[PDB]
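Trainee: After the structure tokens below, expect a handful of questions from me.
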Amino acid sequence: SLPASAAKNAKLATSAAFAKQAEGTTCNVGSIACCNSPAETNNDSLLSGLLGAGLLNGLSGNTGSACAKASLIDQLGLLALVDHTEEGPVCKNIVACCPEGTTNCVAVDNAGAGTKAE
């Protein structure tokens with residue numbers, strides 16, 4: 001357990017499929033996130049505050065589908081919008097780009113269901 005030792009990668013532990021996602025979807029590395037259906041992301045009343053470790057916001061124009069970033073995943077690991085498959089840690093539903101700090105996240109999918117090439 002030694003952070004930032006010869007590590008030139010900052011992916012989702014593996015990504016792979018999530019990397020194909022990050023290549024197929026127009027987003028940014030330090031603003032890469034996953035957003036889930038509001039009823040599930042907000043399933044827990046504490047979950048709503050759990051995703052906002054840095055006082056962040058939800059989808060741009062849609063207060064409900066909040067997005068947790070890869071850094072947030074290494075901070076808490078919000079399983080509300082994260083799904084696990086043998087391809088690695090991947091999106092649960094909606095893929096979008098979200099800033100760490102304070103502002104909404106932009107969605108470049110919406111109606112694609114956050115699919116990834118294998």
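Each chain in the structure tokens gets a letter, A, B, ..., in the order shown, and its residues are numbered from 1; ligands are numbered from 1 in order too.
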Name the residues in contact with residue 16 in chain A at a cut-off of 8 Å, using only C-alpha atoms, excluding same-chain residues fewer than 4 positions from it; report them as a list in words.

Mentor: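 Residues meeting the cut-off are residues 20, 87 and 88 of chain A.
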
Trainee: Can those selected residues be exported to a file as an mmCIF file, in the first residue's frame so that it contains C-alpha atoms?

Mentor:
```
data_model
loop_
_atom_site.group_PDB
_atom_site.id
_atom_site.type_symbol
_atom_site.label_atom_id
_atom_site.label_comp_id
_atom_site.auth_asym_id
_atom_site.auth_seq_id
_atom_site.Cartn_x
_atom_site.Cartn_y
_atom_site.Cartn_z
ATOM 1 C CA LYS A 20 -13.156 1.428 -24.044
ATOM 2 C CA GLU A 87 -14.194 -6.955 -17.335
ATOM 3 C CA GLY A 88 -13.523 -4.926 -14.197
#
```

Trainee: Neighbouring residues of range 105-113 of chain A were defined as those with any atom within 6 Å, considering only C-alpha atoms; residues of the same chain fewer than 6 positions away were excluded. Please report them as a VMD selection string.

Mentor: chain A and resid 58 to 60 93 to 94 96 to 98

Trainee: Let's have the selection written as an mmCIF file, in the first residue's frame, with N, CA and C atoms.

Mentor:
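Writing the result to result_27.cif gives the following:
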```
data_model
loop_
_atom_site.group_PDB
_atom_site.id
_atom_site.type_symbol
_atom_site.label_atom_id
_atom_site.label_comp_id
_atom_site.auth_asym_id
_atom_site.auth_seq_id
_atom_site.Cartn_x
_atom_site.Cartn_y
_atom_site.Cartn_z
ATOM 1 N N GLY A 58 -24.965 17.311 -9.380
ATOM 2 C CA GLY A 58 -25.487 16.198 -10.153
ATOM 3 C C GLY A 58 -25.426 16.455 -11.645
ATOM 4 N N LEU A 59 -26.303 15.806 -12.401
ATOM 5 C CA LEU A 59 -26.335 15.968 -13.852
ATOM 6 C C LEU A 59 -26.763 17.386 -14.222
ATOM 7 N N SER A 60 -26.124 17.942 -15.247
ATOM 8 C CA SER A 60 -26.396 19.303 -15.694
ATOM 9 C C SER A 60 -27.831 19.460 -16.183
ATOM 10 N N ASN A 93 -24.990 2.397 -15.220
ATOM 11 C CA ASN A 93 -26.009 2.844 -16.163
ATOM 12 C C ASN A 93 -25.486 3.952 -17.072
ATOM 13 N N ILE A 94 -25.603 5.189 -16.612
ATOM 14 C CA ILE A 94 -25.351 6.346 -17.460
ATOM 15 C C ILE A 94 -23.900 6.823 -17.347
ATOM 16 N N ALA A 96 -21.096 9.781 -18.000
ATOM 17 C CA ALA A 96 -21.027 11.226 -18.141
ATOM 18 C C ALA A 96 -19.706 11.776 -17.611
ATOM 19 N N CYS A 97 -19.426 13.031 -17.926
ATOM 20 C CA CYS A 97 -18.216 13.689 -17.456
ATOM 21 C C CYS A 97 -18.560 14.699 -16.369
ATOM 22 N N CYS A 98 -17.903 14.580 -15.225
ATOM 23 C CA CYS A 98 -18.256 15.368 -14.052
ATOM 24 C C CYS A 98 -17.008 15.925 -13.366
#
```

Trainee: Tell me, as a ChimeraX atom specification, which residues lie within 12 Å of range 40-47 of chain A, counting only C-alpha atoms; anything in the same chain fewer than 4 positions away does not count.

Mentor: /A:34-36,51-53,58-59,63-68,76-82,92-94

Trainee: Could you check which of A:95, A:71, A:100, A:89 is closest to residue 25 in chain A, using only C-alpha atoms?

Mentor: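 Nearest to residue 25 in chain A: A:95.
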
Trainee: Counting only C-alpha atoms, which of A:115, A:14, A:103, A:37 gets nearest to residue 54 in chain A?

Mentor: A:103

Trainee: Per DSSP on the backbone, filter chain A down to the residues in alpha helix (DSSP H) and report them as a short mmCIF file (atom, residue, chain, number, x, y, z; two decimals) with N, CA and C atoms, in the first residue's frame.

Mentor:
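Saved result, selection.cif, follows:
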```cif
data_model
loop_
_atom_site.label_atom_id
_atom_site.label_comp_id
_atom_site.auth_asym_id
_atom_site.auth_seq_id
_atom_site.Cartn_x
_atom_site.Cartn_y
_atom_site.Cartn_z
N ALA A 17 -12.75 -2.47 -20.13
CA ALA A 17 -14.03 -2.15 -20.73
C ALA A 17 -14.41 -0.70 -20.45
N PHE A 18 -14.12 -0.24 -19.23
CA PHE A 18 -14.38 1.15 -18.85
C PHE A 18 -13.45 2.09 -19.61
N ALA A 19 -12.30 1.57 -20.01
CA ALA A 19 -11.36 2.33 -20.82
C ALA A 19 -11.90 2.47 -22.24
N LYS A 20 -12.49 1.39 -22.75
CA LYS A 20 -13.16 1.43 -24.04
C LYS A 20 -14.33 2.40 -23.98
N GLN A 21 -14.98 2.43 -22.82
CA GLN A 21 -16.04 3.39 -22.55
C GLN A 21 -15.51 4.81 -22.62
N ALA A 22 -14.36 5.04 -21.98
CA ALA A 22 -13.76 6.37 -21.92
C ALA A 22 -13.23 6.82 -23.29
N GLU A 23 -13.05 5.87 -24.19
CA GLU A 23 -12.58 6.17 -25.53
C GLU A 23 -13.75 6.36 -26.49
N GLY A 24 -14.83 5.61 -26.26
CA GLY A 24 -16.01 5.73 -27.10
C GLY A 24 -16.88 6.91 -26.72
N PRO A 38 -31.60 8.18 -10.68
CA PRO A 38 -31.72 8.96 -9.44
C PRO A 38 -32.29 8.16 -8.26
N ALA A 39 -33.27 7.31 -8.52
CA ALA A 39 -33.93 6.57 -7.44
C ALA A 39 -32.98 5.60 -6.75
N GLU A 40 -31.93 5.19 -7.46
CA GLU A 40 -30.97 4.24 -6.93
C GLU A 40 -29.77 4.97 -6.35
N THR A 41 -29.32 5.99 -7.06
CA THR A 41 -28.23 6.84 -6.58
C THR A 41 -28.64 7.55 -5.29
N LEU A 47 -26.45 8.31 1.04
CA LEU A 47 -25.75 8.10 -0.23
C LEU A 47 -25.67 9.40 -1.02
N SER A 48 -26.74 10.19 -0.94
CA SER A 48 -26.81 11.48 -1.62
C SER A 48 -25.66 12.40 -1.17
N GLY A 49 -25.27 12.29 0.09
CA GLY A 49 -24.17 13.09 0.60
C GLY A 49 -22.84 12.36 0.53
N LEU A 50 -22.92 11.05 0.28
CA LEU A 50 -21.75 10.19 0.21
C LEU A 50 -21.02 10.38 -1.11
N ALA A 70 -13.69 8.63 -10.74
CA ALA A 70 -12.75 7.56 -10.41
C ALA A 70 -12.00 7.86 -9.11
N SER A 71 -11.76 9.14 -8.85
CA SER A 71 -11.08 9.55 -7.64
C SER A 71 -12.00 9.36 -6.44
N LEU A 72 -13.28 9.64 -6.67
CA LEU A 72 -14.31 9.43 -5.67
C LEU A 72 -14.47 7.94 -5.39
N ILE A 73 -14.23 7.13 -6.42
CA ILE A 73 -14.29 5.69 -6.29
C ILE A 73 -13.19 5.19 -5.35
#
```

Trainee: Identify all residues of chain A in strand (DSSP E) (DSSP on the backbone) and supply them as an NGL selection string.

Mentor: :A and (32-35 or 67-69 or 82-85 or 88-91 or 94-97 or 106-107)

Trainee: Which residue, A:99, A:3, A:117, A:74, has the smallest gap to residue 57 in chain A when you use only C-alpha atoms?

Mentor: A:99

Trainee: Expressed in Å to a single decimal, how great is the separation between CA of residue 28 in chain A and CA of residue 90 in chain A?

Mentor: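 Rounded to one decimal, the two atoms are 16.1 Å apart.
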
Trainee: Please compute the CA of residue 84 in chain A-CA of residue 10 in chain A distance, one decimal, in Å.

Mentor: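 Distance between the two atoms: 18.1 Å.
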
Trainee: Take CA of residue 104 in chain A and CA of residue 61 in chain A and report the distance between them in Å, one decimal.

Mentor: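 Taking CA of residue 104 in chain A and CA of residue 61 in chain A, their separation equals 7.7 Å.
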